[PDB]
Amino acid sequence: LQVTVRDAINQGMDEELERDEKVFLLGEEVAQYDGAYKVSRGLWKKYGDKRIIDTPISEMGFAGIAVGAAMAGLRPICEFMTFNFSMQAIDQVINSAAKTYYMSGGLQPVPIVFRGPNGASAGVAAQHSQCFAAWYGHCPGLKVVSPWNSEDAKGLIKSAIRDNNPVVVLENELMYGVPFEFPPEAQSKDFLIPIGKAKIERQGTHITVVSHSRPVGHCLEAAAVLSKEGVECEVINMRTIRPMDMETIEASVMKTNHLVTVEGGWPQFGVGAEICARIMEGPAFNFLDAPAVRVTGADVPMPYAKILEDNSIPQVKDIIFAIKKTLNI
């Protein structure tokens, strides 16, 4: 059967809430508005004030409250409406949650989770269209994941709940609604996806393609098209931004000798940047028959006008084109 990313996340949270009472959820519009993007639908009607909590509009202040509940030994899920509004809290995530276990000599684990839409939506312009993979990826003590499809989402966020450390879950607003096949095994209440493992979504032999979040959809379509000129793409879905499964990438480039990276967020100091850095530095460099290239969004804050917007995140066209330049076909 088909389940949309939205309800995939929902069952994960629901299975966990069910499973451990120490876990609760809070954010803006999260209980009786049923969540801003309806992710937490019915959760309130089933668990009550105590476990599903509507917050005032005070990001800084409830991130903090969540961090602290976790320190006292609860297991909170904190929702930001979107990660753009996580900047008001970013010091709560960074300095309180992330670096604690460490500074504390391993006496104070912070088992928090921060989930929400991240990246680009549609016509929301600059202050709201921003991608935070790069920023959260960069810091010790965070685990930072970024799902794509439904199996991804329900598996990635259960895990995240079970983990004992800060985990930042970069969801995608345009993926909530998209149905995917849901395998019989992801329908289990036990379905965990290990954080730190990538997943090869398509075999192929002519060139490796890595991306995370929604861009994955667009490499499959870009790969589908190229398969018709008998060009085989290996499409790797990263899932985890930190700690990023570099090996699977490397293993694939030693088969394919060709790498392209595809991300939504901005170019400089991007998720692309690092994957390339990592390749050049690792064993796969001498196997690269052509330079690895990044396909990113555009180096502008996000415009509003449709024509502009579409030319500011990666099209299937833009991906094919890069691949065609690299494979010099």
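One-based numbering along the sequence shown.
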query = Hey, which bit's got the bigger mean C-alpha B factor in the entry, 183-191 or 152-160?
reply = 183-191
ask   = Mean CA B-factor: is it higher for 80-88 or for 236-244?
value = 80-88
Identity of residue with top Cα B-factor, from 72, 175, 170, 219 = 219
query = Highest CA temperature factor in the entry: which of 300, 273, 66, 31?
reply = 31
ask   = Once the chain's modelled residues are ordered by C-alpha B factor and cut into thirds, is residue 215 in the lowest, middle or highest one?
value = lowest
task = Comparing against every modelled residue in the chain, figure out the third that the C-alpha B-factor of residue 58 lands in (lowest, middle or highest).
result = highest
task = Give the position of residue 96 by CA B-factor within its chain, expressed as the lowest, middle or highest third.
result = highest
query = With respect to C-alpha B-factor, does residue 196 fall in the lowest, middle or highest third of the chain as deposited?
reply = middle
ask   = For residue 282, does the deposited CA B-factor place it in the lowest, middle or highest third of the chain?
value = highest
